[PDB]
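Following: one structure in structure tokens, then a few remarks.
Read-outs: derived from the displayed coordinates by stated rules, not from any lab. Ideal geometry is used to build each Cβ from the backbone, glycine not excepted, and the neighbour counts take in all protein chains shown.
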Amino acid sequence: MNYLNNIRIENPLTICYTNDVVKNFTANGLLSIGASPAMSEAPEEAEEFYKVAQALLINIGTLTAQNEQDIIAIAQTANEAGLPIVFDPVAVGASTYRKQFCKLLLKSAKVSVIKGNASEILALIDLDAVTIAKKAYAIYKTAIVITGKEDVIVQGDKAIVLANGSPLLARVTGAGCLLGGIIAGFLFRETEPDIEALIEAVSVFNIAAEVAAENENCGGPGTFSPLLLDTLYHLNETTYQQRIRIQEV
Amino acid sequence: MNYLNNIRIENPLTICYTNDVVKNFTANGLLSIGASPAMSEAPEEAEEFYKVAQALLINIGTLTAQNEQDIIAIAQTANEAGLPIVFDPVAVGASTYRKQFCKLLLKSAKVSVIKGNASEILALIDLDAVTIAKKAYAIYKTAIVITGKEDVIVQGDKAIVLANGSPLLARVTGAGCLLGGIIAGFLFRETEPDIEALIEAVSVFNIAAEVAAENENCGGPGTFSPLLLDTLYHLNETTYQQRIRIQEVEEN
Amino acid sequence: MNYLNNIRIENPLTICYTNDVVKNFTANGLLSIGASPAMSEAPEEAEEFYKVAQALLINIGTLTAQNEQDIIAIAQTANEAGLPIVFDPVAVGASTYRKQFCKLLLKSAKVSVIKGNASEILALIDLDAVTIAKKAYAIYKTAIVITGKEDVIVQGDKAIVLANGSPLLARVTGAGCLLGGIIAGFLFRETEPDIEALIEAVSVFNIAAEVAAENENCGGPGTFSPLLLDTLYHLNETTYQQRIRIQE
Ligand SMILES: Cc1ncsc1CCO
Ligand SMILES: Cc1ncsc1CCO
Ligand SMILES: Cc1ncsc1CCO
Ligand SMILES: [Mg+2]
Ligand SMILES: [Mg+2]
Ligand SMILES: [Mg+2]
């Protein structure tokens, strides 16, 4: 825990353009680790907000025509402002609508992290999550995080596999959508983030999940979600170091 | 608990076009019973989503001009794909805006379940809940579920009255809006669902509400809502069978 | 606890045009105190709804071009109907977009309460929270509530400072955005509310927060949120009277 300490003290302004199902949970997750979430969606204020922000999350979970042109416009505003973009191509494999939009976005702007599941990342570039992540990294030259049973991170010349979390995370809507926001909270305006910042963001989230699911008062997916926020708020270096399970490839 | 066991194993894709106050809760409810919710609202992807989905929920709780034309278009796309629609005419009796919209929708598309309170269903058709449900069934030839102190379901040649749930359920926003999603999770792509699927859906919800409200850790409407999700996640056959209360059944 | 008793019995219909991060939490907080929330955003039903409503909340937390004209239109419809408006100029200091919009809104319609933090209310008008609140009152001739470490209320010829609540509230998104909706719930269709109603609304919220944070089962910001809703639901006169901390 190096980056988390800085999030708690500096309260980084983390702009979220995310889906309607997960806005509240995203904002709450960010507040629990000390970040300052802002769900600004008006392109008319992007320039002034982005000047002082630390990152931008773009998540297309509920993409519609109302969002398309605005997302492209704000991504260009972010690039111009040097504001790092975390991009979550939610369910891109499920429609030609989403595929065509994600291709247009990644042809129009440079993003700093692409986060998804194996199937989503595979649809972007078209078996192993590591192989998929490496192929995507070669195409976009942008950090890749593939979430799954084990999580994969590829940045620069390094690929890492992480093994933390809980099954109850799959049964909470926008767990993974919140993870995209947490990653944005760890960037501190670095458009080419150190792999160590990405490893800490994913590990903080998954170790908090693991600890929450062990709490005596966790009785299922409903009670888990408040206990995850509490555990993120309290997470300390001892717990982190005892629990982290990482290995290189 | 025949259908709930199948939801947990098959993980049915359940598309929800629902109101902004209850999206998250609705998705979490569906996940807790094993379904796979998707809040897709773009008509441009409805054809590809609906081919593989098991039902669609349409709920007009926060209806605005931005939604009107899109709802009509996706209902038609559902009808063309054979995808069952669960329609929740939220607060239809409260404005001419909502009345006119709901009338237009039901003239444009065939829905598979209409779910509402007695006042909502009465406003649609222009009396006890059973009489209102039967009149609505005669007009739309579509399953009707009327929620209330007792719940009423009319489908095919039967009318049933059910008696489960909790007072805390009225103090949680989108409890009922979640019920419309749960129902959609029980349809398995049947455009004329068996009444037994509707009975199980309403009973699973109300029994889970009852048991959550009895939990020692339930301290009010705030702690109830996480407990309801847990109870839906854990609900078993023994608890279902011990608790279910059918009040009366009429045939034909 | 005069007004809260009446909310529980009368179940006032409280229209909320609020931001997409806090809609569910706002509706739940209102339901917990006995109010009847309705998140109606269609100008086409504003006239019928507002006739029977007790107040309207306007909160610009996620303001976009899709909202601008509609907000102006429904604020005018509220004025015509005699429906009191609570206005929360969320982050107004953060962009010229929001500054321009809030200026236009307050030139187009008369609101009944303006609620914000000190930096928001200062950006609206252009040292301490009391001074800012008095200057805003002199400009808009409208009750002002400034939230902070201590809360400030200015209405008519009185200014009050309150000292209740919990740090945990700042770590729960739309706590403050809920307070706007709770204030609306205490208006009972009074376009010039008594300062006592505003003091009660803010005190109920803050005392509930303080009691929730002391619960043995409150383990942080995540468990706090459900416990705040429970504590609003159960809050009684005895606890209110024991806990209230008011001055000037
Ligand atoms: C976090 C956030 N972003 C826009 S609105 C909102 C809730 C607090 O005002
Ligand atoms: C359930 C759902 N539907 C669109 S976005 C979302 C949350 C998980 O991505
Ligand atoms: C409180 C509320 N307002 C609009 S929709 C909704 C939930 C179901 O009416
Ligand atoms: Mg994803
Ligand atoms: Mg209904
Ligand atoms: Mg404010």
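Figures for the structure shown
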quantity: Meets criteria (away from ligand 2 (no atom under 16 Å from the Cβ) and either under 19 Å from A:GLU248 (Cα atoms) or surrounded by 19 or more Cβ atoms within 10 Å (Cβ to Cβ) (or both)) for A:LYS134; calculated: yes
quantity: Conditions (1) among the β-branched types (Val, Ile, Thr); (2) more than 12 Å from ligand 4 (Cβ to nearest atom); (3) under 28 Å from C:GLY93 (Cβ atoms): number failed by A:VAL86; calculated: (2)
quantity: Helices (runs of 4 or more DSSP H) contained entirely in the stretch C:121-223, each with at least 2 residues that are within 16 Å of ligand 3 (Cβ to nearest atom) and away from chain A (no Cβ under 14 Å); calculated: C:175-185
quantity: Positions within the stretch C:18-38 being surrounded by 21 or more Cβ atoms within 10 Å (Cβ to Cβ) and within 16 Å of ligand 1 (Cβ to nearest atom), in sequence order; calculated: C:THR18, C:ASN19, C:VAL21, C:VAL22, C:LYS23, C:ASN24, C:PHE25, C:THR26, C:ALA27, C:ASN28, C:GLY29
quantity: Residue count for the stretch B:1-51, restricted to those that are within 16 Å of ligand 4 (Cβ to nearest atom) and part of a loop (DSSP other than H, G, I, E, B); calculated: 2
quantity: Qualifying residue in the stretch A:128-136 (condition: basic (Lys, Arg), farther than 28 Å from A:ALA170 by Cα and either within 16 Å of ligand 5 (Cβ to nearest atom) or touching a strand residue (DSSP E or B) at 6+ places or on another chain (Cβ under 9 Å) (or both)); calculated: no
quantity: A:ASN24 touching a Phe, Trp or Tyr at 6+ places or on another chain (Cβ under 9 Å) and either more than 9 Å from chain C (Cβ to nearest Cβ) or farther than 18 Å from A:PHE188 by Cα (or both); calculated: yes
quantity: Residue count for the stretch A:72-120, restricted to those that are under 17 Å from A:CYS177 (Cβ atoms), among the hydroxyl-bearing types (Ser, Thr, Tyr) and outside any helix (DSSP H, G or I); calculated: 0
quantity: Flag if C:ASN67 is surrounded by fewer than 21 Cβ atoms within 10 Å (Cβ to Cβ), away from ligand 2 (no atom under 16 Å from the Cβ) and within 19 Å of C:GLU120 (Cβ to Cβ); calculated: yes
quantity: Check on B:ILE58, away from ligand 4 (no atom under 16 Å from the Cβ), part of a helix (DSSP H, G or I) and among the aliphatic types (A, V, I, L, M); calculated: no
quantity: Some residue of the stretch B:212-231 being buried (at least 21 other Cβ atoms within 10 Å of the Cβ), within 16 Å of ligand 5 (Cβ to nearest atom) and of a type in the set (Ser, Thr, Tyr); calculated: no
quantity: Filter result (within 12 Å of B:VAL113 (Cβ to Cβ) and among the β-branched types (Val, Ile, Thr)) within the stretch B:75-92; calculated: B:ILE85, B:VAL86
quantity: Qualifying residue in the stretch B:94-108 (condition: within 18 Å of the chain's Cα centre (by Cα) and crowded, with 23+ Cβ neighbours inside 10 Å); calculated: no
quantity: Residues of the stretch C:46-89 that turn out to be within 16 Å of ligand 3 (Cβ to nearest atom) and hydroxyl-bearing (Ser, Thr, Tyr), as a count; calculated: 1
quantity: Identity of the residue in the stretch C:64-105, within 16 Å of ligand 6 (Cβ to nearest atom) and under 24 Å from C:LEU13 (Cα atoms), that ends up nearest to the other protein chains (Cβ to nearest Cβ); calculated: C:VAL90
quantity: Selection from the stretch A:231-249 of residues that are within 19 Å of the chain's Cα centre (by Cα) and within 13 Å of chain C (Cβ to nearest Cβ); calculated: A:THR231, A:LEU232, A:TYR233, A:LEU235
